[PDB]
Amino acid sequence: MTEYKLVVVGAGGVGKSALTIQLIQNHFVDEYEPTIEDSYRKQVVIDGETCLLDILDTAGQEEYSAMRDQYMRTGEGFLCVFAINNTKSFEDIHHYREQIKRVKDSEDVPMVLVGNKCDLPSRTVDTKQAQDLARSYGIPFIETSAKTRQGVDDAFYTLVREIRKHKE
């Protein structure tokens, strides 16, 4: 039984809490909208193997978190979330990745660039410049919507595979 530590990073309001809940939710609770950072557990199967995912939904750069740096020491991979309708959230990705590289003293850190809210037709961040940013960091790019559940499982499963590929 292999565990995986995942950290969800991004500006405030990009949907990090909403993406993490849609993966985790067993739908016992109708709707649950967290406000405080927290960690959550989910069993998944990737390429034959069972996998326990610890998912930490961090607060944005706006909010203070005492454990912020420790979360990144613990994190094995990272979901970098912006919203495709907030251009500053896209520009903030450079800071969060730079912050990960500082705490982890490394560039080859398993990450996945994630452009949330793919349901809003007010698309300001083109898919092509998002893929370009992902190309420059050497990491996959996945489009998701925590509102329509699309891509949600694909993002997290991609991150776990990055961890696997990095491990060798």
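The first residue of the shown sequence is 1; numbering continues from there.
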| item | value |
| --- | --- |
| Higher-scoring stretch by recorded Cα B factor average, 129 to 137 or 116 to 124 | 116 to 124 |
| Mean C-alpha B-factor comparison - 82 to 90 and 69 to 77, higher one | 82 to 90 |
| Candidate set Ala59, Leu52, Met111, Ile100 [ranked by C-alpha B-factor, highest] | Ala59 |
| Chain-wide C-alpha B factor ranking for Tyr32, given as lowest, middle or highest third | highest |
| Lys167 CA temperature factor, ranked by third within the chain | highest |
| Third of the chain's Cα B-factor distribution that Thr158 belongs to, per the entry | lowest |
| Chain-wide C-alpha B factor ranking for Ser145, given as lowest, middle or highest third | highest |
